[PDB]
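J.: This is the structure I have questions about; it appears just below.
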Ligand SMILES: CCCCCCCCCCCCC/C=C/[C@H](O)[C@H](N)CO
Ligand SMILES: CCCCCCCCCCCCC/C=C/[C@H](O)[C@H](N)CO
Ligand SMILES: CCCCCCCCCCCCC/C=C/[C@H](O)[C@H](N)CO
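Residue numbers (the deposited numbering), protein chains in the order written: chain D, 26 to 69; chain D', 26 to 69; chain D'', 26 to 69; chain C, 1 to 239; chain C', 1 to 48; chain C'', 1 to 48; chain A, 26 to 297; chain A', 26 to 297; chain A'', 26 to 297; chain B, 10 to 255. A prime marks a further copy of an entry chain.
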């Protein structure tokens, strides 16, 4: 099982590299400045 | 003699893996709670 | 990524070798004996 | 030279195939990257964003008044408000959300969903509403004393004007197919019914007709698998 | 590239042949396994 | 021998392709190099 | 254990109390009386192997699964040729697989395509797998043949037969060939229960195939499906069917005209 | 994270002050109310994978991109067949790619060429990529077909389909499918703004193809372009289009005859 | 250096004595005035690559070199088809190579052979390289085609194009495209100096080709030579020719009918 | 201490009584261009007090049969003040923006507004013609409305073929007349190029669409204006030359 081997001098001619599991969801779900707590009223 | 080498990232596309010699026959032959001895009467 | 491997005894039958980044431009741009400074009059 | 041998699968072009291709420009450096805000990495970052459900998708409605749930003052003590299915890959209100289209690109989904209601009436208008989720089984409940046996939340109209009914994962198997039609009713999810808890009371010199905007998203245990083509576009005009 | 050569047995389909095949779904995880009682491993467990 | 398989791009002649070719004169030594003034290495030495 | 079993040297016994040949069968257990507790045996070092009798070496056979016809006419043409993926169409692999209740395995589908008269002309075919829920292609020039977000194989007739590997994709934890229940709720009739035994956990989509060309190709192809099981695990062993099969998704048999499990003899007091 | 999310065991609460189900939607944020702050849940160790939902596994599909006709007649002949490289010609990959604002990726272009009636005769073709600024070949015997300082691929029809890899070559840092501006300065009219939305950062040259022979070849070929995205990065996610496409470089829709995003129901107080 | 050049932050100067913008051009040197000794610049970290502009990446292109016709008739037949190895037959690679005085490189000759109407029939060809001094083959059945102590390539028309590697074999230390002299001694005439500029250090033998058969083959083939330079070193850069070529071994141009290096304008006081 | 806020940029201030939390678009603050991502060589100018301030546009009366309004933000401040003058003389431009939309009413009015930003908000022509010469295209006053603004014809499809329902992925905020009377969004510079002309390219655009219609009883006020204030935060300009209008 080895698909990280390239056959050319150029790097864009390879296959899919190591997968990245990064998942930042808070930049779309809570784009607010005051961090709203989980157990609180959002407005006071 | 090497057939344990896979050529893809997926694991189901390989060949037959190392053979397992496990043989539990007592779960079908003697499915009883009181272990019947070999030299004894099965009922008393 | 390996293209430095040759397949014959002769050396001219290989591919492009390691690239040379040498750039001497002063043998065409300033082919003069008295080194003209950057902040000075070229003739006095 | 090397004694090689060919095997089945030779000279075929599989579309879903990771393999190195021959580069056409040798020794080429691309344009350097800059910082662009709003980078995506997975498709679950879009599923966790609420999106306006289309609950009033019936006839006799125009385009803009199609996303609103009408709320009035009923004379009888208990009446039924808007109701809709939970299945996101099914023809209905979920077709108008982003989570529904993303679940339409795939064929099997799992995890809990979230439906978020929002009252957009007057400040002086009060009232309580019952949002009840029911697991699969029989058809839509007829009355409230039957629908209140499932998963329900009492929501009152206060300073905060939004409630968020969570829809738990009460499936027998791990994944549900988005097909859910005819003989595929094995993978149904249930019915969310909005009932009138007390009433919609309104003071004088105040309009007695409000609206509720329904939103929907996905929780963190939301999972997708097996990519396929969508069924929102079947033909196309020559461009 | 590599000076290979073909040998008899090429382009045949033997039914009793252990060989890696091309996967059609890339990056696919199956349904997790549970405990089911009465698992068989060989055909001599039924002969006894 | 080795179970190889062919892939798209076979039997094509790409002009911009770095690959080893078969030599026609085996064991051949060329004429030795001398010092010639005015050697170029890149095309930016002429642009300046 | 790489060998079967060795035999211990035995001798005769002259004593009361030990009865190894009186194993009761009413208890539901199997008699565990060996040869050493009986007629005098010897010391044998058995080195007969047990590797071939395992499940992975027993289910590693391809067998015929499906036969798909593709006429591709000029006046009564259809273009495509779909095939519901099921194993119950041919009784050999069905009889070999219905001796267990729950199974879990992978597949090595292989497609052998021939012409009517038999001839390998260089015609390129397109084998498409339609998962359950995806729309089926209707026509040789349909929109679904684009195979975007859909796996497909392009191969010719002069090429070797195609062969792909298929993972375990049932929504349950294992397959099942016997489902003692109903797929949905409701009132079930007494006249014709045509939905009894149906398991939605086995519908593995549809398999389609066409001829990649522009106008037409007056040729009647005939594809054969060969599925090799691998990485197989079985549970709850079930007896082997002794009656001839009659339907695909139903284990129906003949009420009259019954087939005995053993052929008839001359007399009971006769071995031959 | 290789799995989705685990569930914490919960219980009931009888106390004032804590309101997790009153998340305000006027703030523009998404409700963060979990199941543990609600109906009593259990401890579930979820091991469902999230690898398939990533962007590199979502854009790793080829799909149809371009269809190029080559007649190569005898009296009304042209010889060549150019094709402007653009992705907006077929609405499947266009709909899959226009859900983002800025993208950056590589390509794996593949060329499947067939005849009119469908037949693989050993005719060698020449696939030429003309970068933006280079002269286009005019004729099957032109000067530009020498392919000096120009990449080209020589392949036959009986050979497997050609496949090359293409790097990121836009002069900007990323591609864009929506350009809210004008390509040049000047006074812009009110009647027909035919240059609005045009992005010069996407013109990737022209693709040409001819038949390598001397006299002629009376055959009408039809090439198909399949582009597999790889190493893709996307920014600023955009909603998916709900209206049918009408033009290639313009997102025009029908003013009248509007398509609703959801189909109609019998009544609002009815789930089915 | 893997990048081009970085820029130093600059500012304004108010002082006498330092004049960086008065670089004299009468000295024969190039003005070395940078931007930092002028209008106020900023700090830029340039990472643009210079790898593509090197000589080995500039001469790594094949291009067309020679076109050899082979009729192989029945009554006006010749059998063989020789081709003097020279690069001056086509002006593209000639213009790319005559911008230097002395070069030294290797070759990657490739032979693409097609028929008159264009067709790959399985006919085996024999490509022979005749070094300078060896006898040329005279006939399709000559004695020289034995290729003893002579390199040759046997290939068919249905096979991929042949490709061999050629070393540096000039008796001098480098090639030259401009020879300011005469090849031999003696009195040189005033009427027609047809031997002026001739360099014996460039005659790389002759290339011959025939059809390997017994009787004949009524087919008119047409071979094309593609030479890829590699391991190239150049000296004494020369300006690029601005006049159209007229002969192969002579840089003759038109005395009348001169081509200006730049096209004409409307006026000098006008940019467009 | 969350419903009150005073934003101060330059010599302007915005006080509030009924406010939700401020929205930061994509979690990124608008800053200056770093040397790694920049590409121009000339030094850019940064007034930081003369162009970074709250500019107030006109007010639009929110009626009952209203569809909605939209704007091209690098093109609205193209002629108003020191910012517009400084943007006409320069070729390059890069800045973020701070927004504030005012809409107040009594406790007897009901309604809701959806204010959001869309990067590269392309206006689509409306028609069913596919011929190149008669295919409808929006005019210059429709693509770039200027300081005045433009109205929607089909606000259900955002005048672009994309449904309004799915437009919640953008940086958005709601104005519910029973909860708040203002909405605030802080958006950074979002583009695939470091600098860009602020004349022939609008980066994003605001849109305000009343989802719930305005309703009130006979006797209350009837004029409900829609006011918008914009602060061009962290502005940069490069390529000084003659001033061009459009
Ligand atoms: C690219 C073409 C591939 C053709 C094969 C289709 C791939 C899917 C095959 C799934 C394997 C299922 C094996 C048997 C499943 C169920 O038990 C049967 N349908 C019921 O007998
Ligand atoms: C040797 C033949 C190669 C054929 C392929 C041409 C190579 C150049 C392809 C560049 C890849 C561009 C992908 C899309 C670019 C722009 O976004 C589209 N033109 C606009 O939709
Ligand atoms: C087996 C057939 C091989 C065919 C190629 C012949 C091999 C010898 C090639 C020598 C390479 C010479 C390249 C150019 C040499 C001189 O500069 C030119 N004749 C003058 O322009």
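All C-beta atoms in this analysis are idealised placements derived from N, C-alpha and C, irrespective of residue type, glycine included.
Measure the C-alpha to C-alpha separation of residue 209 of chain A' and residue 210 of chain B and round it to an integer number of angstroms.
T.: A direct Cα-Cα distance of roughly 10 Å separates residue 209 of chain A' from residue 210 of chain B.
J.: Going by beta-carbon coordinates alone, are residue 57 of chain A and residue 63 of chain D' separated by less than 8 Å?
T.: Against a cut-off of 8 Å, the Cβ pair of residue 63 of chain D' and residue 57 of chain A comes out as a contact.
J.: Mind checking which residues open and close the beta strand (DSSP E) that includes residue 169 of chain A?
T.: Segment: none, residue 169 of chain A is in no beta strand (DSSP E) and carries neither H nor E.
J.: For ligand 2, any of its heavy atoms closer than 7 Å to the Cβ of residue 17 of chain C''?
T.: no
J.: Look up residue 94 of chain C in the DSSP assignment and say whether it is helix, strand or coil.
T.: helix
J.: Please state whether DSSP places residue 94 of chain A'' in a helix, a strand or coil.
T.: strand
J.: Within the 8 Å Cβ cut-off, does residue 128 of chain B reach chain D?
T.: no
J.: Could you list which residues in chain C have their beta carbon closer than 8 Å to that of residue 40 of chain D, in chain order?
T.: 18, 19 and 20
J.: In the DSSP assignment, what residue or residues form a beta bridge with residue 23 of chain C?
T.: A':190
J.: Straight-line CA distance for residue 112 of chain C to residue 33 of chain D?
T.: 46 Å
J.: Please write down, chain order preserved, every residue whose beta carbon lies under 7 Å from a heavy atom of ligand 1.
T.: C':24, A:110, A:111, A:112, A:113, A:132, A:134, A:152, A:153, A:154, A:176, A:177, A:178, A:189, A:191, A:194, A:200, A:202, A:227, A:228, A:229, A:230, A:232 and A:252
J.: By Cβ distance, which residues of its chain are closer than 6 Å to residue 254 of chain A'', with the 5 residues on each side in sequence left out?
T.: 84 and 130
J.: Can the beta-carbon of residue 137 of chain B be found less than 8 Å from the beta-carbon of residue 294 of chain A'?
T.: no
J.: For residue 29 of chain D, which residues in chain D' fall below 9 Å Cβ to Cβ?
T.: Within 9 Å Cβ-Cβ: nothing; residue 29 of chain D doesn't reach chain D', min ~10 Å.
J.: Quick one, which residues of the segment 133 to 151 of chain A' are near chain A if we go by CB-CB under 7 Å, in chain order?
T.: Of all residues in the segment 133 to 151 of chain A', only 139, 141, 142, 143 and 145 place a beta-carbon less than 7 Å from a beta-carbon of chain A.
J.: Could you give the distance in angstroms between the alpha-carbon of residue 237 of chain A and the alpha-carbon of residue 235 of chain C?
T.: 20 Å
J.: Can you give me the C-alpha to C-alpha distance between residue 67 of chain A and residue 258 of chain A, rounded to a whole angstrom?
T.: 38 Å
J.: Can residue 162 of chain B be considered in contact with ligand 5, in the sense that its beta carbon sits closer than 7 Å to one or more heavy atoms?
T.: Of the ligands this structure carries, namely ligand 1, ligand 2 and ligand 3, none is ligand 5.
J.: Going residue by residue through the segment 72 to 124 of chain C, where are the continuous beta strand (DSSP E) segments of at least 3 residues, counting only ones entirely within it?
T.: 80 to 85, 106 to 110 and 113 to 119
J.: Would residue 37 of chain D'' count as contacting chain A'' if we go by Cβ distances under 8 Å?
T.: yes
J.: Let's see if you can read the secondary structure: which residues bound the alpha helix (DSSP H) around residue 72 of chain A'?
T.: Neither: residue 72 of chain A' is in no alpha helix (DSSP H) and is coded neither H nor E.
J.: Measure how close the beta-carbons of residue 127 of chain C and residue 198 of chain C come, nearest whole angstrom, since I'm counting them as under 8 Å.
T.: 6 Å
J.: For residue 265 of chain A, collect the residues of the same chain with a Cβ closer than 6 Å to its Cβ; drop the 5 residues on either side in sequence, then sort them by chain order.
T.: 124
J.: Going by C-alpha to C-alpha distance, which of A:38, A:81 and A:175 sits closest to residue 63 of chain A?
T.: For residue 63 of chain A, the closest of A:38, A:81 and A:175 by C-alpha to C-alpha distance is A:38.
J.: Return helix, strand or coil for residue 61 of chain D'', following the three-state DSSP convention.
T.: coil
J.: At a Cβ threshold of 8 Å, is residue 34 of chain D touching chain D''?
T.: yes
J.: Just checking, does the segment 238 to 245 of chain A make contact with the segment 73 to 83 of chain A on the three C-beta pairs under 8 Å criterion?
T.: no
J.: Just by C-beta distance, which residues in the segment 23 to 50 of chain C are closer than 8 Å to chain A''?
T.: Listed in sequence order: 26, 27, 28, 29 and 32.
J.: Beta-carbon separation of residue 273 of chain A and residue 114 of chain A under 8 Å?
T.: If you check the CB distance, residue 273 of chain A and residue 114 of chain A come in under 8 Å.
J.: Which residues in chain C'' sit within 9 Å of residue 194 of chain A'', going by Cβ to Cβ distance?
T.: 25, 28, 30 and 31
J.: Any residues in the segment 253 to 270 of chain A'' with a beta carbon nearer than 9 Å to a beta carbon of chain C''? Which ones, in chain order?
T.: 253, 255, 258, 259, 260, 261 and 262
J.: Buried or exposed, going by whether 16 or more other CB atoms sit within 10 Å of the CB of residue 219 of chain C?
T.: buried
J.: With 8 Å as the threshold, decide whether the Cβ of residue 56 of chain D'' is near any Cβ in chain C''.
T.: no
J.: Does the beta carbon of residue 172 of chain A' sit closer than 8 Å to a beta carbon anywhere in chain C''?
T.: yes
J.: Would the segment 139 to 148 of chain A'' count as touching the segment 157 to 169 of chain A'' if we require 3 or more Cβ pairs under 8 Å?
T.: Because the criterion of three Cβ pairs below 8 Å is not met, the segment 139 to 148 of chain A'' and the segment 157 to 169 of chain A'' do not touch.
J.: Using a 10 Å radius around the Cβ and a threshold of 16 neighbouring Cβ atoms, would you call residue 138 of chain C buried or exposed?
T.: exposed
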